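Only one structure is covered here, and it is reproduced in the block below.
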Amino acid sequence: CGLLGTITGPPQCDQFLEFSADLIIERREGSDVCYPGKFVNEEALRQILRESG
Amino acid sequence: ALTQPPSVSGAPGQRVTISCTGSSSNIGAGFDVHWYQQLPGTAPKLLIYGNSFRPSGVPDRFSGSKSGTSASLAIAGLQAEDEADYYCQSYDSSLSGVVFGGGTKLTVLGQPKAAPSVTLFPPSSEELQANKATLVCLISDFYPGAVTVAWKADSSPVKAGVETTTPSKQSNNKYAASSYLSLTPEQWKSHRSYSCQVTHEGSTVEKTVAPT
Amino acid sequence: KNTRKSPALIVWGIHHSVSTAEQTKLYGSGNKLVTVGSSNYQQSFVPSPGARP
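Chains as they are written, first to last, in the deposited numbering: chain A, 54 to 106; chain N, 3 to 214; chain C, 160 to 212.
Shown next as structure tokens:
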């Protein structure tokens with residue numbers, strides 16, 4: 054599950070739709086999308102969600 | 003669709019302007035306007051291009067500009083080598099191709115400013131018998147050599163039937179031009195009168211004929 | 160397809176005509192649109208036809 058996919062909710066991210074954490078661990082195999090696409094200012098929203106809890 | 007005046011005068015050294023009036027389909031679009039100089043018998047040389055730029059060997063005297071839907075050429079420091087025809091040229095989109103102007107006859111002075119001298123002959127009886135009619139408008143002794151005729155039937159202009167001659171140098175070194183109008187005999191009879199009006203730079207000179 | 164082992168540098172251009180008319184002269188009437196895309200790139204480009212110096 055990609056970190057941005059916790060907002061849109063592709064299948065891989067079903068288990069994290071309403072996650073809650075103090076330490077968020079990303080992986081190289083994450084995929085923010087299922088239908089192809091990309092977020093505008095995606096790194097900014099990433100930096101937001103990393104310190105989101 | 004590019005309108006230029008027929009003629010412009012000017013003394014040696016003075017400054018003169020030639021206007022290139024255009025529509026929104028040619029100069030109103032992003033298209034540039036160029037100019038071309040055609041000396042007698044010679045083919046046109048390239049003059050101002052890109053509305054203000056002049057190629058090698060063109061004097062500063064010639065200066066081009068462009069504003070909105072029109073363009074303008076400016077000649078300062080008139081000389082004999084400048085007396086020629088001048089054409090503006092651009093591109094038109096609604097016609098999908100390039101377009102030139104009508105041309106402007108630059109006459110440099112060095113002579114007086116005489117005007118016509120129009121004499122008008124009505125159709126002769128002998129030709130009315132042959133079921134024809136042709137009015138004859140004669141013009142002599144005018145300088146410079148560029149006129150604009152217009153025929154009327156006592157009020158109204160006549161667009162068709164007119165043949166107008168190119169001016170040429172008289173023996174008296176001035177210019178001379180004729181213009182003929184073709185009519186049907188009853189058209190000649192069924193009208194109050196006719197008038198061949200001839201405009202030289204700032205003067206209309208008119209003659210008149212009535213059936214008898 | 161970048162068949163090589165080093166990364167490739169793809170470069171393209173957009174033509175900004177002088178007017179809405181010249182654009183129809185060169186390419187025809189209609190809105191002109193370029194779309195570029197790779198496995199991590201997703202953009203689109205439209206010309207800005209209009210008057211300039």
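Just so you know, even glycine gets a beta-carbon here, dropped at the ideal spot from N, CA and C.
Leaving out five residues before and five after residue i in sequence, what residues of the same chain have Cβ atoms less than 8 Å from its Cβ?
i, result
"residue 214 of chain N", "none"
"residue 72 of chain N", "21, 22, 23, 24, 29"
"residue 187 of chain N", "125, 130, 133, 134, 135"
"residue 161 of chain C", "167"
"residue 172 of chain N", "142, 143, 178"
If I'm right that residue i touches residue j with Cβ under 8 Å, what's the distance once you round it to whole angstroms?
i, j, result
"residue 21 of chain N", "residue 3 of chain N", "Not really, about 14 Å apart at Cβ, beyond 8 Å."
"residue 176 of chain N", "residue 120 of chain N", "About 14 Å separates the two Cβ atoms, so there is no contact after all."
"residue 1 of chain N", "residue 86 of chain N", "Outside the shown range of chain N, which is 3 to 214, sits residue 1 of chain N, and nothing can be said about it."
"residue 58 of chain N", "residue 66 of chain N", "Contact doesn't hold; Cβ gap of about 16 Å is too wide."
"residue 169 of chain N", "residue 9 of chain N", "Not really, about 10 Å apart at Cβ, beyond 8 Å."
"residue 12 of chain N", "residue 110 of chain N", "6 Å"
"residue 183 of chain N", "residue 160 of chain N", "7 Å"
"residue 79 of chain N", "residue 15 of chain N", "6 Å"
"residue 6 of chain N", "residue 106 of chain N", "5 Å"
"residue 35 of chain N", "residue 49 of chain N", "Their Cβ separation, rounded to whole angstroms, is 11 Å, which puts residue 35 of chain N and residue 49 of chain N out of contact at 8 Å."
Pick helix, strand or coil for residue i, following the three-state DSSP scheme.
i, result
"residue 69 of chain A", "helix"
"residue 115 of chain N", "coil"
"residue 153 of chain N", "strand"
"residue 222 of chain N", "This structure does not reach residue 222 of chain N, given that chain N is present from 3 up to 214, and the question cannot be answered."
"residue 178 of chain N", "strand"
"residue 16 of chain N", "coil"
"residue 64 of chain A", "helix"
"residue 80 of chain N", "coil"
"residue 73 of chain N", "strand"
"residue 168 of chain N", "coil"
"residue 108 of chain N", "strand"
"residue 196 of chain C", "strand"
"residue 199 of chain N", "strand"
"residue 183 of chain N", "strand"
"residue 95 of chain A", "helix"
"residue 44 of chain N", "coil"
"residue 68 of chain N", "strand"
"residue 169 of chain C", "coil"
"residue 97 of chain N", "coil"
Which word fits residue i, buried or exposed, when buried means at least 16 other C-beta atoms lie within 10 angstroms of its C-beta?
i, result
"residue 92 of chain N", "buried"
"residue 185 of chain C", "exposed"
"residue 137 of chain N", "buried"
"residue 33 of chain N", "buried"
"residue 88 of chain N", "buried"
"residue 88 of chain A", "exposed"
"residue 179 of chain C", "exposed"
"residue 197 of chain C", "exposed"
"residue 76 of chain A", "exposed"
"residue 108 of chain N", "buried"
"residue 97 of chain N", "exposed"
"residue 95 of chain N", "buried"
"residue 190 of chain N", "buried"
"residue 196 of chain N", "buried"
Sorted by chain position, which residues of the same chain lie with C-beta nearer than 7 Å to residue i's C-beta, five sequence neighbours on each side aside?
i, result
"residue 117 of chain N", "144, 202, 205, 207"
"residue 182 of chain C", "176, 191, 206, 208"
"residue 141 of chain N", "118, 119, 120, 149, 178, 179, 180, 200"
"residue 113 of chain N", "145"
"residue 58 of chain A", "65, 66, 84, 85, 86"
"residue 95 of chain A", "57"
Counting only the same chain and skipping the five closest in sequence on each side, list residues whose C-beta sits under 6 Å from that of residue i.
i, result
"residue 55 of chain A", "83, 84, 85"
"residue 202 of chain C", "195"
"residue 139 of chain N", "122, 181, 198"
"residue 225 of chain N", "Residue 225 of chain N is absent from the structure shown; chain N starts at 3 and stops at 214."
Taking 6 Å as the cut-off, does the CB of residue i come closer than this to any heavy atom belonging to the ligand ADP?
i, result
"residue 52 of chain N", "The model depicted lacks the ligand ADP and carries no ligand whatsoever."
> What residues in the segment 71 to 97 of chain N bring their beta carbon closer than 9 Å to a beta carbon of chain C?
Replying inline: Cβ contacts with chain C: 93, 95, 96.
> Using a Cβ cut-off of 8 Å, which residues of the segment 181 to 192 of chain C contact any Cβ in chain N, in chain order?
Replying inline: 181, 183, 184: these are the residues of the segment 181 to 192 of chain C whose beta carbon lies less than 8 Å from some beta carbon of chain N, given in chain order.
> Which residues, in order along the segment 25 to 38 of chain N, keep a beta-carbon less than 8 Å from a beta-carbon of chain C?
Replying inline: Taking a C-beta cut-off of 8 Å against chain C, the contacting residues of the segment 25 to 38 of chain N are 27, 31, 32, 33, listed in chain order.
> At a Cβ cut of 9 Å, what residues of the segment 198 to 210 of chain C count as close to chain N, listed as they run along the chain?
Replying inline: Closer than 9 Å at the C-beta level to chain N, one finds these residues of the segment 198 to 210 of chain C: 208, 209, 210.
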